[PDB]
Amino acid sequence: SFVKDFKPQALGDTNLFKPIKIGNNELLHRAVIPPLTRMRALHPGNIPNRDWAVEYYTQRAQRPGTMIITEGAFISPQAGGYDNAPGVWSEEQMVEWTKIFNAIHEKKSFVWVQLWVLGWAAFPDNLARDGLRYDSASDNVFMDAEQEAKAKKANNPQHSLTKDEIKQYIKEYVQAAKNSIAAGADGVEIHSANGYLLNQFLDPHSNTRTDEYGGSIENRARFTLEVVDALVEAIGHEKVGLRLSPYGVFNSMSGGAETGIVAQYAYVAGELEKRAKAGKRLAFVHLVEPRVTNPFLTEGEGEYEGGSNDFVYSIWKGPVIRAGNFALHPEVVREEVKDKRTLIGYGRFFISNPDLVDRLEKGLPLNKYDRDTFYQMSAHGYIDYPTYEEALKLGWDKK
């Protein structure tokens, strides 16, 4: 069915339908598909789903000029820990990713691979099964109760990385980015948000290190900016994006309760503009809004009102993508895109609406999403959400 009590508003008269160049890509509109894990990859091997993944992505790349950011992909076995999320380290994975990039490109859209490293959010027991460490910034702070029950059942205790093991993760980031560009992706997004490994180093609560990687704003930002620099040297700055969630509390990050959190993120944004001046301006900065502090809470829940992401615009002067409960709020989008370098990411409603861009342009009703198939090993709730036409044929009132 369609979302019951939503009053749609056509947005075809706003800057959301004005072209913008992002890296090497000339987008025809500014609604982007933000990275969405869907757990349909195959075990063993973390292989992109052979039956359904090309279709899913082809469906959402139907409006020409759409920028699509893939589900997070593990850079290596040690960066992983969920059996059904895909990786981007082996030939076998890349043979399936090439087919996905080709299909999106045949539809004249673009595809950016999000590079993912789990840290303490990984399952310690999957990793122990495979002989891998359970990594984080520190070893005296854990993510939550059931993550520590898991780690000790598994007898795979949380480990503070050494500088050498951080260096190895940077090695893997570069290779995975090389693999994605060689297989045909237009660019990569460094996931440094939502409480996963790079964010565990950025955050004061998860990072109690005393070396060069913890203990001050500069040191907590070190591993994220070494990744930016390594990938910029490897594949070019116009092929690299960075995602940040200043106010997120998902996976036990501090959010607005940490009084130093705006300074921690203002520093990263300032270092990025610094490089921009020296010629190496990243393709974009992607921000998760305080409108959504936890993506598994219903739209309207976990909204943080004591802070804003607008400080980033005083520092970084390049394109910024903003995501977080924008689909049910065209009146907020309307104001936000008056800014000429702002793009809007629509997550949960791009899951249920393959043709979201036409529905936004035209002010058409929105298909409800089914939360129960967000993570399911099924085609159902993945490739069978109807376009508006199909939904009318199905009678989702109007027949």
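When you see a residue number, it is the position in the sequence shown, counting from 1.
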Checklist entry - For the stretches 308 to 316 and 205 to 213, which has the higher mean C-alpha B-factor as given in the deposited record? => result 205 to 213
Checklist outcome for this item: As the entry reports it, the stretch among 23 to 31 and 66 to 74 with higher mean C-alpha B factor is 23 to 31
Next on the checklist: Sorting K239, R275, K178, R322 by Cα temperature factor from the record, which one lands on top?
Outcome noted: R275
Checklist entry - Among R243, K107, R222, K99, which carries the highest Cα B-factor? => result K107
Next on the checklist: Could you place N251 in the lowest, middle or highest third of its chain by Cα temperature factor, using the values in the record?
Outcome noted: lowest
Next on the checklist: Is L198 in the lowest, middle or highest third of its chain when residues are ranked by C-alpha B-factor?
Outcome noted: lowest
Checklist outcome for this item: Of the three thirds of the chain ranked by Cα temperature factor, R38 occupies the lowest
Checklist entry - Taking the C-alpha B-factors as the PDB entry records them, is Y169 in the lowest, middle or highest third of its chain? => result middle
Checklist entry - By the record's CA B-factor, is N155 among the lowest, middle or highest third of residues in the chain? => result highest
